[PDB]
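So the structure is just underneath, and the comments pick up after that.
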Amino acid sequence: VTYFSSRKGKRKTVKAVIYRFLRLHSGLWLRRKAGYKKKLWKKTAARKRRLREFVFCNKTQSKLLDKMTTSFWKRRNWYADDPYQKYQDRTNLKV
Amino acid sequence: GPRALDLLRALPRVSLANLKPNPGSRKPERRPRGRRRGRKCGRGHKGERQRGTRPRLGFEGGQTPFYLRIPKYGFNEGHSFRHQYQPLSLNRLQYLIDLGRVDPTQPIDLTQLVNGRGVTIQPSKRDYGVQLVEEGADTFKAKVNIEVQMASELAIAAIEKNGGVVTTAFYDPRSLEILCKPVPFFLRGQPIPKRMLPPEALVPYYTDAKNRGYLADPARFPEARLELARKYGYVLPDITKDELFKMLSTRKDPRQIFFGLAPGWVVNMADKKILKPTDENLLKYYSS
Amino acid sequence: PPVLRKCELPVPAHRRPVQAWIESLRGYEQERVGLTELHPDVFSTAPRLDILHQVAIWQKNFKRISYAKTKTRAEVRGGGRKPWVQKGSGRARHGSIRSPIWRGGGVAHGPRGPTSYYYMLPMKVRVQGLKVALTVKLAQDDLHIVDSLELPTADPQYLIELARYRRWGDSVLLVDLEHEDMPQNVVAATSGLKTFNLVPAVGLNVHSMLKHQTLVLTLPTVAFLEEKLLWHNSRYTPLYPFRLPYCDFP
RNA sequence: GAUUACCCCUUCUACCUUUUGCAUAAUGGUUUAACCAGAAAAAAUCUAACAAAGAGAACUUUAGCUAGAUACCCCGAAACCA
Ligand SMILES: [Mg+2]
Ligand SMILES: [Mg+2]
Ligand SMILES: [Mg+2]
Ligand SMILES: [Mg+2]
Ligand SMILES: [Mg+2]
Ligand SMILES: [Mg+2]
Ligand SMILES: [Mg+2]
Ligand SMILES: [Mg+2]
Ligand SMILES: [Mg+2]
Ligand SMILES: [Mg+2]
Ligand SMILES: [Mg+2]
Ligand SMILES: [Mg+2]
Ligand SMILES: [Mg+2]
Ligand SMILES: [Mg+2]
Ligand SMILES: [Mg+2]
Ligand SMILES: [Mg+2]
Ligand SMILES: [Mg+2]
Ligand SMILES: [Mg+2]
Ligand SMILES: [Mg+2]
Ligand SMILES: [Mg+2]
């Protein structure tokens with residue numbers, strides 16, 4: 001992470017985080033499961049199903065991924081047809 | 001009013017000499033001096049941490065980093081190029097009309113929504129305009145003429161049941177910038193630009209009467225509209241026999257950015273006068 | 001005839017206005033020439049020493065630019081060389097003799113470059129600060145509304161004696177509507193004094209209001225301030241800079 | 001600690017650093033003076049402004065925004081390059 005850039009003096013973003021993850025507006029980060037394209041003929045139907053699925057990251061991670069991302073990716077987004085738009089709000093959460 | 005004034009009568013003159021910041025408004029700043037904060041200064045003992053050189057953020061200590069194990073996938077893919085539509089609930093609309101920010105009297109478009117601060121559009125962020133969602137569907141009483149960028153069935157249904165007229169329009173990014181902030185545009189001293197046609201993927205959207213797109217054949221409007229009245233079971237009001245019919249009828253030219261203005265004119269705000277060119281080539285260029 | 005001043009802006013339904021004596025500056029003895037109705041929102045605002053403090057400090061610090069530079073270990077004159085070799089000498093090991101430990105060396109941290117302290121308080125905070133200052137002035141009896149402001153003579157002794165006979169306290173600030181429209185005698189007489197002070201209404205501010213024990217306003221000045229300040233309760237959030245064209249606002 | 005009384009009695013392993021553990025016979029310093037080492041505001045908390053909006057332009061908004069305040073050292077190689 002670059003905390004102050006050379007030319008603009010701003011705070012840079014790590015792009016390798018932007019390619020594998022997704023930030024919902026609740027703050028949950030959403031990631032693929034490692035090795036899902038890898039050696040399928042070995043694995044059971046069960047394991048294949050477990051691998052195709054998307055999953056959520058623990059607090060320690062979401063926190064870390066947040067530090068590597070600027071304000072622009074924490075933004076509220078309305079896309080036409082957005083699949084995940086139905087998932088971006090949190091409901092019935094009594095902490 | 002504030003009985004504090006009566007207390008101020010008996011107290012000494014407020015001056016620079018007595019001024020107290022709010023309690024706990026300033027938090028005291030701590031310095032590494034003395035017995036407590038000195039001597040290792042909260043930096044711990046030796047290691048890399050007390051020299052201050054410990055590694056960068058993602059670093060896991062050399063096992064493959066968490067963020068670098070996971071395969072990549074299109075997620076944020078093309079995020080720069082997906083159009084975005086700022087939502088507008090019928091709640092919000094009914095609300096703006098009710099408190100009388102937007103007036104239903106004159107025809108209601110994007111500009112007048114911006115002026116009412118009901119909706120904030122940022123063309124720069126790949127935002128293509130307002131869309132219509134049905135949140136206030138039952139509550140909605142107003143007789144309105146709306147032009148949005150994208151609309152939903154239930155929204156159109158509601159506005160019909162109340163006897164208003166909806167129309168879908170497309171603006172390109174530049175036109176949208178000009179449409180949302182007209183005054184900072186006129187102070188540029190540029191002519192008034194041509195409006196773009198929708199790109200190829202959107203075109204099938206704006207030719208449908210079901211959508212009530214602005215590029216659609218008006219001849220289907222009396223048809224499909226009536227269809228909408230069957231599905232949600234309301235009787236369709238007669239627009240022709242209405243008193244406000246001359247306002248509802250008002251459309252824009254598909255090439256026009258503004259109501260009653262024309263592509264290629266130039267607004268001089270100092271002399272409060274509008275300038276139009278007589279040049280043949282120029283007039284052909286703008287009229288097309 | 002007694003000059004009576006009615007408020008030109010709507011008062012809140014639940015709140016009766018405030019009143020102040022209108023004094024004339026021409027007679028020693030003419031204490032109450034008239035009666036002024038003052039707007040309860042500008043002058044009667046719930047007093048907050050808090051916002052007075054915040055803006056009082058802001059005024060002091062937003063202007064501030066410190067030029068204090070100290071040469072760091074890199075910028076000092078010379079000595080880019082090792083004074084003696086690492087091992088074998090018997091003394092402590094050193095790099096450049098310009099290290100911060102050394103006698104002529106660079107300063108380790110110290111003040112760096114010209115520094116600017118600049119922060120912009122949100123508008124409505126500055127506005128309500130101004131209101132509170134006026135309110136405080138009024139509710140402590142140290143505000144005096146004047147009309148005219150024509151002086152009988154240009155002699156400063158007149159102004160000092162006029163302070164004494166009315167018991168105005170030690171220092172005094174005077175506020176006039178415009179800079180061009182200031183009457184002659186006043187300009188001269190005040191421009192000859194330290195403790196008295198003279199300012200256009202465009203230049204009212206909190207720090208100066210607190211710096212003088214007694215504030216004095218012209219009547220058209222009250223008509224001015226009351227309007228400008230009251231305008232911010234009812235405003236929208238700005239779209240572009242207010243200097244540009246708006247429907248109602250110039 | 002005390003004593004009429006300086007001692008005489010009685011009670012106590014210099015100080016830092018470093019370590020599992022230092023009176024250590026581990027490191028450092030004759031002594032005095034003057035110099036000689038914690039900097040950042042993403043997220044957060046705290047105090048206020050105005051609030052379905054807020055910011056003195058561009059932004060962010062499912063109670064939010066805007067402002068203030070809270071934060072991250074000093075001395076040392078052998079080297080390498082023109
Ligand atoms: Mg300590
Ligand atoms: Mg140490
Ligand atoms: Mg260690
Ligand atoms: Mg937006
Ligand atoms: Mg050098
Ligand atoms: Mg060298
Ligand atoms: Mg060196
Ligand atoms: Mg020097
Ligand atoms: Mg021992
Ligand atoms: Mg030591
Ligand atoms: Mg040992
Ligand atoms: Mg030993
Ligand atoms: Mg030894
Ligand atoms: Mg050793
Ligand atoms: Mg020794
Ligand atoms: Mg500090
Ligand atoms: Mg912050
Ligand atoms: Mg809050
Ligand atoms: Mg090399
Ligand atoms: Mg090397």
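Following the order of the structure tokens, first chain is A, next is B, and so on, with residues numbered from 1 inside each chain and ligands from 1 in the order they appear.
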Original post:
For chain D against chain B, which residues fall within 8 Å using only C-alpha atoms (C1' of nucleotides), given as a PyMOL selection string?
Top reply: chain D and resi 38+46-47+69-70
Export, as a PDB file, in the first residue's frame, the selected residues with C-alpha atoms (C1' of nucleotides).
```
ATOM      1  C1'   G D  38       7.723   9.716  17.792  1.00  0.00           C
ATOM      2  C1'   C D  46     -14.721  12.174  21.143  1.00  0.00           C
ATOM      3  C1'   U D  47     -17.136  17.445  20.648  1.00  0.00           C
ATOM      4  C1'   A D  69      -9.376  17.228  17.958  1.00  0.00           C
ATOM      5  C1'   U D  70      -6.778  12.691  18.863  1.00  0.00           C
TER       6        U D  70
END
```
**OP:** Tell me, as a PyMOL selection string, which residues lie within 9 Å of residue 107 of chain C, counting only C-alpha atoms (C1' of nucleotides); anything in the same chain fewer than 2 positions away does not count.
**Re:** chain C and resi 70-73+99-101+105+109-110
If we count only C-alpha atoms (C1' of nucleotides), what is near segment 13-19 of chain D at a cut-off of 12 Å, once residues fewer than 3 positions away on the same chain are taken out, given as a PDB file with C-alpha atoms (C1' of nucleotides), in the first residue's frame?
```pdb
ATOM      1  CA  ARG B  39      11.932   4.503  27.692  1.00  0.00           C
ATOM      2  CA  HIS B  45      11.546  -4.078  22.460  1.00  0.00           C
ATOM      3  CA  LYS B  46      14.020  -4.668  19.577  1.00  0.00           C
TER       4      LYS B  46
ATOM      5  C1'   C D  22      23.149  -9.628  37.072  1.00  0.00           C
ATOM      6  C1'   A D  23      26.312  -7.161  43.568  1.00  0.00           C
ATOM      7  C1'   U D  24      28.169  -9.749  39.572  1.00  0.00           C
ATOM      8  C1'   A D  26      28.260  -8.949  31.664  1.00  0.00           C
ATOM      9  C1'   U D  27      27.893  -3.655  28.608  1.00  0.00           C
ATOM     10  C1'   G D  28      28.215   1.992  29.626  1.00  0.00           C
ATOM     11  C1'   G D  29      29.864   6.346  32.151  1.00  0.00           C
TER      12        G D  29
END
```
Subject >> Residue contacts of residue 68 of chain B (9 Å, only C-alpha atoms (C1' of nucleotides)) excluding same-chain residues fewer than 6 positions away, as an MDAnalysis selection string >> reply: (chainID A and resid 16:17 20) or (chainID B and resid 58)
Dump of N, CA and C atoms for the selected residues, as a PDB file, in the first residue's frame:
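And here's selection.pdb as it stands now:
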```
ATOM      1  N   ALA A  16      -4.538  -5.748  -7.099  1.00  0.00           N
ATOM      2  CA  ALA A  16      -4.717  -7.184  -6.950  1.00  0.00           C
ATOM      3  C   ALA A  16      -5.847  -7.506  -5.973  1.00  0.00           C
ATOM      4  N   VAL A  17      -6.252  -6.557  -5.138  1.00  0.00           N
ATOM      5  CA  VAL A  17      -7.403  -6.798  -4.281  1.00  0.00           C
ATOM      6  C   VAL A  17      -8.679  -6.581  -5.058  1.00  0.00           C
ATOM      7  N   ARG A  20      -9.781  -9.886  -7.282  1.00  0.00           N
ATOM      8  CA  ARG A  20     -10.400 -11.095  -6.737  1.00  0.00           C
ATOM      9  C   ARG A  20     -11.553 -10.941  -5.746  1.00  0.00           C
TER      10      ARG A  20
ATOM     11  N   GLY B  58      -0.006  -6.396   3.042  1.00  0.00           N
ATOM     12  CA  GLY B  58      -0.513  -7.698   2.674  1.00  0.00           C
ATOM     13  C   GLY B  58       0.356  -8.833   3.169  1.00  0.00           C
TER      14      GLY B  58
END
```
**OP:** Could you tell me which of B:11, B:216, B:137, B:119 comes closest to residue 162 of chain B if we count only C-alpha atoms?
**Re:** B:137
Subject >> At most 9 Å to chain D: residues in chain A, only C-alpha atoms (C1' of nucleotides), as a PyMOL selection string >> reply: chain A and resi 3-4+11+63+66-71+75-76+89
**OP:** Determine which residues of chain A sit within 9 Å of chain B, taking into account only C-alpha atoms, and present them as a PyMOL selection string.
**Re:** chain A and resi 1+16-22+31-37+61+64-65+67-68+77-80
Could you take the residues named above and write them with N, CA and C atoms, as an mmCIF file, in the first residue's frame?
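Printed below is out-v4.cif as written:
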```
data_model
loop_
_atom_site.group_PDB
_atom_site.id
_atom_site.type_symbol
_atom_site.label_atom_id
_atom_site.label_comp_id
_atom_site.auth_asym_id
_atom_site.auth_seq_id
_atom_site.Cartn_x
_atom_site.Cartn_y
_atom_site.Cartn_z
ATOM 1 N N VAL A 1 0.838 -1.196 0.000
ATOM 2 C CA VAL A 1 0.000 0.000 0.000
ATOM 3 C C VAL A 1 0.875 1.249 0.000
ATOM 4 N N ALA A 16 -4.538 -5.748 -7.099
ATOM 5 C CA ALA A 16 -4.717 -7.184 -6.950
ATOM 6 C C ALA A 16 -5.847 -7.506 -5.973
ATOM 7 N N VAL A 17 -6.252 -6.557 -5.138
ATOM 8 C CA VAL A 17 -7.403 -6.798 -4.281
ATOM 9 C C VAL A 17 -8.679 -6.581 -5.058
ATOM 10 N N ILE A 18 -8.643 -5.656 -6.005
ATOM 11 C CA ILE A 18 -9.802 -5.320 -6.829
ATOM 12 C C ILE A 18 -10.111 -6.420 -7.825
ATOM 13 N N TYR A 19 -9.120 -7.210 -8.199
ATOM 14 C CA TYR A 19 -9.467 -8.277 -9.129
ATOM 15 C C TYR A 19 -10.107 -9.518 -8.514
ATOM 16 N N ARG A 20 -9.781 -9.886 -7.282
ATOM 17 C CA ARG A 20 -10.400 -11.095 -6.737
ATOM 18 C C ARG A 20 -11.553 -10.941 -5.746
ATOM 19 N N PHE A 21 -11.901 -9.730 -5.361
ATOM 20 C CA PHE A 21 -12.864 -9.580 -4.288
ATOM 21 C C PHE A 21 -13.997 -8.679 -4.686
ATOM 22 N N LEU A 22 -15.040 -8.668 -3.870
ATOM 23 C CA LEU A 22 -16.158 -7.772 -4.118
ATOM 24 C C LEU A 22 -16.660 -7.169 -2.830
ATOM 25 N N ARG A 31 -15.647 -13.398 -1.893
ATOM 26 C CA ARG A 31 -14.530 -13.966 -2.634
ATOM 27 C C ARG A 31 -14.797 -15.355 -3.187
ATOM 28 N N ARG A 32 -14.119 -15.699 -4.276
ATOM 29 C CA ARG A 32 -14.154 -17.057 -4.822
ATOM 30 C C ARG A 32 -13.442 -18.064 -3.901
ATOM 31 N N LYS A 33 -13.649 -19.366 -4.110
ATOM 32 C CA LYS A 33 -12.992 -20.392 -3.286
ATOM 33 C C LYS A 33 -11.800 -21.052 -3.984
ATOM 34 N N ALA A 34 -10.631 -20.965 -3.357
ATOM 35 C CA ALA A 34 -9.353 -21.362 -3.963
ATOM 36 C C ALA A 34 -9.320 -22.769 -4.563
ATOM 37 N N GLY A 35 -8.908 -22.860 -5.825
ATOM 38 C CA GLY A 35 -8.741 -24.146 -6.484
ATOM 39 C C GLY A 35 -10.001 -24.715 -7.101
ATOM 40 N N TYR A 36 -10.916 -23.849 -7.512
ATOM 41 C CA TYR A 36 -12.172 -24.332 -8.056
ATOM 42 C C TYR A 36 -12.064 -24.714 -9.528
ATOM 43 N N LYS A 37 -11.045 -24.219 -10.221
ATOM 44 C CA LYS A 37 -10.841 -24.602 -11.613
ATOM 45 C C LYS A 37 -9.813 -25.718 -11.725
ATOM 46 N N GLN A 61 -10.032 -10.071 7.918
ATOM 47 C CA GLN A 61 -9.781 -9.923 6.498
ATOM 48 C C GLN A 61 -10.460 -8.716 5.908
ATOM 49 N N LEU A 64 -8.614 -5.807 6.715
ATOM 50 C CA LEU A 64 -7.384 -5.696 5.946
ATOM 51 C C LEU A 64 -7.630 -5.281 4.504
ATOM 52 N N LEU A 65 -8.624 -5.876 3.864
ATOM 53 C CA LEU A 65 -8.971 -5.527 2.494
ATOM 54 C C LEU A 65 -9.459 -4.090 2.368
ATOM 55 N N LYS A 67 -8.275 -1.520 4.135
ATOM 56 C CA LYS A 67 -7.092 -0.674 4.183
ATOM 57 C C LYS A 67 -6.353 -0.607 2.856
ATOM 58 N N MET A 68 -6.579 -1.585 1.991
ATOM 59 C CA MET A 68 -5.942 -1.609 0.685
ATOM 60 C C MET A 68 -6.816 -1.014 -0.407
ATOM 61 N N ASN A 77 -23.275 1.921 -5.316
ATOM 62 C CA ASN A 77 -23.435 1.771 -6.759
ATOM 63 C C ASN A 77 -24.766 1.236 -7.212
ATOM 64 N N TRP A 78 -25.404 1.960 -8.119
ATOM 65 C CA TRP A 78 -26.608 1.443 -8.733
ATOM 66 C C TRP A 78 -26.317 1.085 -10.171
ATOM 67 N N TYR A 79 -26.226 -0.201 -10.478
ATOM 68 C CA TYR A 79 -26.061 -0.607 -11.863
ATOM 69 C C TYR A 79 -27.395 -1.051 -12.402
ATOM 70 N N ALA A 80 -27.621 -0.813 -13.686
ATOM 71 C CA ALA A 80 -28.746 -1.448 -14.344
ATOM 72 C C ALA A 80 -28.487 -2.940 -14.313
#
```
Original post:
Within 10 Å of residue 208 of chain B, counting only C-alpha atoms (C1' of nucleotides), which residues qualify if same-chain residues fewer than 3 places away don't, as a ChimeraX atom specification?
Top reply: /B:203-205,211-218,220-221,224
Next, write the just-selected residues to a file, as a PDB file, in the first residue's frame, keeping N, CA, C and O atoms as the atom set.
```pdb
ATOM      1  N   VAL B 203     -30.689   1.042 -27.753  1.00  0.00           N
ATOM      2  CA  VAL B 203     -31.695   1.312 -28.772  1.00  0.00           C
ATOM      3  C   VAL B 203     -32.914   0.378 -28.713  1.00  0.00           C
ATOM      4  O   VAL B 203     -34.048   0.852 -28.824  1.00  0.00           O
ATOM      5  N   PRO B 204     -32.713  -0.940 -28.515  1.00  0.00           N
ATOM      6  CA  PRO B 204     -33.932  -1.756 -28.443  1.00  0.00           C
ATOM      7  C   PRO B 204     -34.835  -1.395 -27.265  1.00  0.00           C
ATOM      8  O   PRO B 204     -36.015  -1.737 -27.256  1.00  0.00           O
ATOM      9  N   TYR B 205     -34.279  -0.698 -26.283  1.00  0.00           N
ATOM     10  CA  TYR B 205     -35.031  -0.320 -25.096  1.00  0.00           C
ATOM     11  C   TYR B 205     -35.938   0.890 -25.354  1.00  0.00           C
ATOM     12  O   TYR B 205     -37.026   0.982 -24.789  1.00  0.00           O
ATOM     13  N   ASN B 211     -42.252   0.362 -23.045  1.00  0.00           N
ATOM     14  CA  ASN B 211     -41.320   1.176 -22.282  1.00  0.00           C
ATOM     15  C   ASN B 211     -41.695   2.641 -22.273  1.00  0.00           C
ATOM     16  O   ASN B 211     -41.286   3.385 -21.387  1.00  0.00           O
ATOM     17  N   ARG B 212     -42.480   3.038 -23.269  1.00  0.00           N
ATOM     18  CA  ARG B 212     -42.777   4.442 -23.530  1.00  0.00           C
ATOM     19  C   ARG B 212     -41.467   5.214 -23.667  1.00  0.00           C
ATOM     20  O   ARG B 212     -41.246   6.226 -23.002  1.00  0.00           O
ATOM     21  N   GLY B 213     -40.593   4.704 -24.534  1.00  0.00           N
ATOM     22  CA  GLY B 213     -39.362   5.384 -24.883  1.00  0.00           C
ATOM     23  C   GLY B 213     -39.632   6.535 -25.831  1.00  0.00           C
ATOM     24  O   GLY B 213     -40.593   6.509 -26.598  1.00  0.00           O
ATOM     25  N   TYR B 214     -38.785   7.552 -25.776  1.00  0.00           N
ATOM     26  CA  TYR B 214     -39.019   8.759 -26.546  1.00  0.00           C
ATOM     27  C   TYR B 214     -38.835   8.516 -28.047  1.00  0.00           C
ATOM     28  O   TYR B 214     -39.387   9.248 -28.870  1.00  0.00           O
ATOM     29  N   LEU B 215     -38.075   7.485 -28.405  1.00  0.00           N
ATOM     30  CA  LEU B 215     -37.838   7.190 -29.816  1.00  0.00           C
ATOM     31  C   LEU B 215     -38.873   6.232 -30.379  1.00  0.00           C
ATOM     32  O   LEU B 215     -38.787   5.829 -31.535  1.00  0.00           O
ATOM     33  N   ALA B 216     -39.850   5.866 -29.556  1.00  0.00           N
ATOM     34  CA  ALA B 216     -40.900   4.942 -29.980  1.00  0.00           C
ATOM     35  C   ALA B 216     -41.945   5.615 -30.860  1.00  0.00           C
ATOM     36  O   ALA B 216     -42.109   6.835 -30.828  1.00  0.00           O
ATOM     37  N   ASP B 217     -42.648   4.803 -31.645  1.00  0.00           N
ATOM     38  CA  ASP B 217     -43.756   5.275 -32.470  1.00  0.00           C
ATOM     39  C   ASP B 217     -44.946   5.686 -31.597  1.00  0.00           C
ATOM     40  O   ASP B 217     -45.540   4.844 -30.919  1.00  0.00           O
ATOM     41  N   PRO B 218     -45.305   6.980 -31.624  1.00  0.00           N
ATOM     42  CA  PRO B 218     -46.408   7.484 -30.794  1.00  0.00           C
ATOM     43  C   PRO B 218     -47.722   6.726 -31.022  1.00  0.00           C
ATOM     44  O   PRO B 218     -48.550   6.645 -30.109  1.00  0.00           O
ATOM     45  N   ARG B 220     -48.374   3.687 -31.045  1.00  0.00           N
ATOM     46  CA  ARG B 220     -48.582   2.548 -30.155  1.00  0.00           C
ATOM     47  C   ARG B 220     -48.927   2.978 -28.732  1.00  0.00           C
ATOM     48  O   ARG B 220     -49.381   2.168 -27.914  1.00  0.00           O
ATOM     49  N   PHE B 221     -48.702   4.254 -28.440  1.00  0.00           N
ATOM     50  CA  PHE B 221     -49.002   4.798 -27.121  1.00  0.00           C
ATOM     51  C   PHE B 221     -50.478   4.606 -26.726  1.00  0.00           C
ATOM     52  O   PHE B 221     -50.748   4.147 -25.623  1.00  0.00           O
ATOM     53  N   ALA B 224     -50.645   0.179 -26.073  1.00  0.00           N
ATOM     54  CA  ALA B 224     -49.933  -0.428 -24.953  1.00  0.00           C
ATOM     55  C   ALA B 224     -50.322   0.187 -23.611  1.00  0.00           C
ATOM     56  O   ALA B 224     -50.427  -0.517 -22.604  1.00  0.00           O
TER      57      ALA B 224
END
```
Original post:
Which chain C residues are at most 6 Å from chain D (counting only C-alpha atoms (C1' of nucleotides)), as JSON, numbers by chain?
Top reply: {"C": [101, 121, 125, 240]}
Using C-alpha atoms, can you export the residues from the last selection as a PDB file, in the first residue's frame?
```
ATOM      1  CA  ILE C 101      24.359  14.612  17.602  1.00  0.00           C
ATOM      2  CA  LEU C 121     -15.266  26.092   9.152  1.00  0.00           C
ATOM      3  CA  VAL C 125     -21.091  27.596  12.046  1.00  0.00           C
ATOM      4  CA  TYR C 240     -22.292  25.915  -7.295  1.00  0.00           C
TER       5      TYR C 240
END
```
**OP:** Check every residue of chain C for an atom within 6 Å of chain B, counting only C-alpha atoms, and provide those that qualify as a PyMOL selection string.
**Re:** chain C and resi 46+53+139-140+210
Original post:
How many Å separate atom CA of residue 212 of chain C from atom CA of residue 168 of chain C?
Top reply: 10.7 Å
Original post:
Just asking: which residues within chain A are strand (DSSP E) according to DSSP, as number ranges by chain?
Top reply: A: 21-23, 29-31, 55-56
Near residue 104 of chain B, counting only C-alpha atoms (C1' of nucleotides), which residues have an atom at most 10 Å away, once you skip same-chain residues fewer than 3 positions from it, shown as a short mmCIF file (atom, residue, chain, number, x, y, z; two decimals) with N, CA and C atoms, in the first residue's frame?
```
data_model
loop_
_atom_site.label_atom_id
_atom_site.label_comp_id
_atom_site.auth_asym_id
_atom_site.auth_seq_id
_atom_site.Cartn_x
_atom_site.Cartn_y
_atom_site.Cartn_z
N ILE B 97 -43.26 16.92 -4.45
CA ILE B 97 -44.41 17.68 -4.92
C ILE B 97 -45.19 18.28 -3.75
N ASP B 98 -45.35 17.48 -2.70
CA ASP B 98 -46.17 17.85 -1.55
C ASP B 98 -45.65 19.07 -0.81
N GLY B 100 -43.82 21.05 -2.18
CA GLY B 100 -43.86 22.06 -3.22
C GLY B 100 -42.50 22.53 -3.68
N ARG B 101 -41.54 21.61 -3.75
CA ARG B 101 -40.25 21.92 -4.33
C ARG B 101 -40.36 21.87 -5.83
N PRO B 107 -44.03 21.22 -16.84
CA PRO B 107 -43.52 19.86 -17.12
C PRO B 107 -42.24 19.48 -16.38
N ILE B 108 -42.25 18.34 -15.69
CA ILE B 108 -41.18 17.95 -14.77
C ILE B 108 -40.12 17.04 -15.38
N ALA B 142 -50.50 12.17 -7.10
CA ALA B 142 -50.21 13.39 -7.87
C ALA B 142 -50.42 13.25 -9.38
N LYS B 143 -50.88 14.32 -10.02
CA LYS B 143 -51.05 14.32 -11.47
C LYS B 143 -49.87 15.04 -12.13
N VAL B 144 -49.00 14.26 -12.78
CA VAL B 144 -47.63 14.68 -13.09
C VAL B 144 -47.19 14.36 -14.51
N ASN B 145 -46.33 15.20 -15.07
CA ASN B 145 -45.65 14.85 -16.31
C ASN B 145 -44.14 14.67 -16.12
N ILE B 146 -43.69 13.42 -16.15
CA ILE B 146 -42.33 13.03 -15.78
C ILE B 146 -41.53 12.55 -16.98
N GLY B 164 -51.33 11.05 -15.19
CA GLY B 164 -50.18 11.76 -15.70
C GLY B 164 -49.57 11.03 -16.88
#
```
